[PDB]
Amino acid sequence: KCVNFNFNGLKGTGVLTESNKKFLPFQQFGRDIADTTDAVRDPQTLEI
Amino acid sequence: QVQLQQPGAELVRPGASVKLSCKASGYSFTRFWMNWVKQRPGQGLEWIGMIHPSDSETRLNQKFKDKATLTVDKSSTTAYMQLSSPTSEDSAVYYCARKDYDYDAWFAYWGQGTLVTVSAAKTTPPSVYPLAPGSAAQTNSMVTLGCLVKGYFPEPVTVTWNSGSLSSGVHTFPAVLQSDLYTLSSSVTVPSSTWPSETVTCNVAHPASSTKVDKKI
Amino acid sequence: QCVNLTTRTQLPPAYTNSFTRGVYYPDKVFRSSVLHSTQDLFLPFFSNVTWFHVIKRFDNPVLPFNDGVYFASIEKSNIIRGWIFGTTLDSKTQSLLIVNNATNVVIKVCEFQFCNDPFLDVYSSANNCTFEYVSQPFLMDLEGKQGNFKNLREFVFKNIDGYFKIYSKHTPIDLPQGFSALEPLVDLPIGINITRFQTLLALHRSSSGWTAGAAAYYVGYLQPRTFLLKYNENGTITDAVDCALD
């Protein structure tokens, strides 16, 4: 669903989808080719 | 304690429309999504649809397009499901479930269940007759008694033993459809000290017609 | 403890090149199939690091710490059990110390009184402790072995704005070439300046008659140079390009 995001102080607008890519366990978030946030880790438990 | 509430049974003819109620309490109504689960016996579970209640936006199955219509009520915190022209294969057991979203979507809570029987028949009050052996060969130390419940519609019917006094040693049997009517029997085994002391009666409560029949054995 | 070994002799500061090595993950942000330019203090490519070998030949120099160093240590019997960081090497100022008792890694910042050449079989007394750290449990062996070297360990110890960051990657393989990247491990907000460092060596015997095995380690220096990194779909850096070298 398109909703407002606030993730650990970082904001955004979009949808939440599954992640098929292997990521670092220490990764807070990541960026796309446009250098904006395409992927985020949950702060409470480690989930992407 | 969040608990979803549904009515027990609904009766509808084919070609008409039926409406169901799922009542949510203990949690805010616009913070979750509502899922509808169809259970036909022997086939397994089937998935009807999923609706965001705040935006009133629906996600439906491809086979189930135009059969179901999902609407919500934000004031009463109650989700609805409206079916359009059900068939004989559409008689099933309907559930509603709250989906708590953290990573994977599980099914956290469930409703009480609703059995919808689709047919053109009319609601018949039950005819309850007692079943007694009438004699004894004195080969057993316990007494077996029974009741006979026939001529009713729709199923299920509530059959209790002495208004729910005996919770042990009872058997509940399924109904058999014959000529738009249902027939089920039940049995009990009581010891020989109880049977002259207490009188076993047939207490049958029909929830559809609101008729309670008390017949003593 | 205070009495040093009598078997230590003087060895030369030979030199060994570092081909592509010294490249780590500059951030934790995942990027896919792009070219990114990062300005941070790195190792210059095709430079020289000073060749150190401990085998009755012992080498423990004292080298200054300006901005950052890279430690590439090629071991078998795991001789280096720790490191001593600090400035004036006495109890007047604050120092940083890594203590590995082989159950875990204990890193504390206290007032550290030092020996002139402290050995392992590191301090007389300690107080005024501003920092304590307890790592994950593991198990290692102090048994001395001599022969070929089957693994490679590379350490990144840097000071950026008071923060002390540790980057490490372990891979199996006197310095074979190649290219790899170093995953993050732990970041320590210390905030204490460090002007010098020295190498701790764990010993064994069948500090007087204690001896050691055979291992080598390398010490690099860091300069402000910009690299271009290659990112695949999995986020592993396969290439590094130094701009002003060629």
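For chain C, we keep the numbers from Swiss-Prot: what you see runs 14-68, 77-142, 159-210, 215-247, 255-294, in order.
Note that Cβ sites are derived from N, Cα and C of the backbone, with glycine treated the same way.
The disulfide bond annotation in Swiss-Prot covers C:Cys15-C:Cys136 (among others) and rests on sequence analysis. Here the Cβ of C:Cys136 (disulfide bond) has 15 other Cβ atoms within 10 Å, regardless of which shown protein chain they belong to.
The Cβ of C:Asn17 (N-linked glycosylation site) lies under 8 Å from the Cβ of C:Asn137, C:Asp138, C:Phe140, C:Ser255, each of which sits 6+ residues away along the same chain. Taken from Swiss-Prot, the feature N-linked glycosylation site covers C:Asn17 (among others).
Summarising the environment of C:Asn61 (N-linked glycosylation site), the number of other Cβ atoms within 10 Å of its Cβ, over all protein chains shown, is 13. Residues or ranges marked as N-linked glycosylation site by Swiss-Prot on the basis of experimental evidence: C:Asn61 (among others).
Taken from Swiss-Prot, the feature N-linked glycosylation site covers C:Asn122 (among others), and the record attributes it to experimental evidence. The number of other CB atoms found within 10 A of the CB of C:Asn122 (N-linked glycosylation site), across every protein chain shown, is 9.
All protein chains considered, the CB of C:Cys131 (disulfide bond) has 19 other CB atoms within 10 Å. Secondary structure at C:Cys131 (disulfide bond), as computed by DSSP, is strand. According to Swiss-Prot, the feature disulfide bond maps to C:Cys131-C:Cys166 (among others).
DSSP assigns C:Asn165 (N-linked glycosylation site) to a strand in the three-state reduction. For C:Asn165 (N-linked glycosylation site), the same-chain residues that are 6 or more apart in sequence and have a Cβ closer than 8 Å to its Cβ are C:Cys131, C:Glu132. Annotated N-linked glycosylation site per Swiss-Prot: C:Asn165 (among others), in sequence order.
Annotated region 'Disordered' per Swiss-Prot: C:173-185, in sequence order, evidence recorded as a curator's inference. Sequence-distant contacts of the region 'Disordered' (C:173-185), counting only residues of its own chain at least 6 positions beyond either end whose CB sits under 8 Å from a CB of the stretch, comprise 97-99, 121, 123-125, 243, 245, 259-262.
Among the features that Swiss-Prot reports, N-linked glycosylation site is placed at C:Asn234 (among others). Counting only same-chain residues at least 6 apart in sequence, those with a Cβ under 8 Å from the Cβ of C:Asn234 (N-linked glycosylation site) are C:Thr108, C:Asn196. DSSP gives C:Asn234 (N-linked glycosylation site) a coil state; it is part of no helix or strand.
Residues or ranges marked as N-linked glycosylation site by Swiss-Prot: C:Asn282 (among others). C:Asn282 (N-linked glycosylation site) counts 11 other C-beta atoms within 10 Å of its own C-beta, drawing on all protein chains shown.
Within 10 Å of the C-beta of C:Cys166 (disulfide bond) we count 10 further C-beta atoms, all protein chains included. If you take the Cα of C:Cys136 (disulfide bond) and the Cα of C:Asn122 (N-linked glycosylation site), they are about 19 angstrom apart, rounded to a whole number.
Among the recorded positions C:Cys15, C:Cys136, C:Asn282, the ones whose Cβ sits under 8 Å from a Cβ of chain A are, in sequence order, C:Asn282. Long-range Cβ neighbours of C:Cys15 (disulfide bond) (same chain, at least 6 residues apart, Cβ-Cβ under 8 Å): C:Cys136, C:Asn137. Between the CA atoms of C:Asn282 (N-linked glycosylation site) and C:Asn122 (N-linked glycosylation site) there is a gap of 36 Å. In this structure, the C-alpha atom of C:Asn122 (N-linked glycosylation site) lies 19 angstrom from that of C:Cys166 (disulfide bond). Distance between Cα atoms for C:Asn61 (N-linked glycosylation site) and C:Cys166 (disulfide bond): 38 Å, as a whole number. Reduced to three states, the DSSP call for C:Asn61 (N-linked glycosylation site) is strand.
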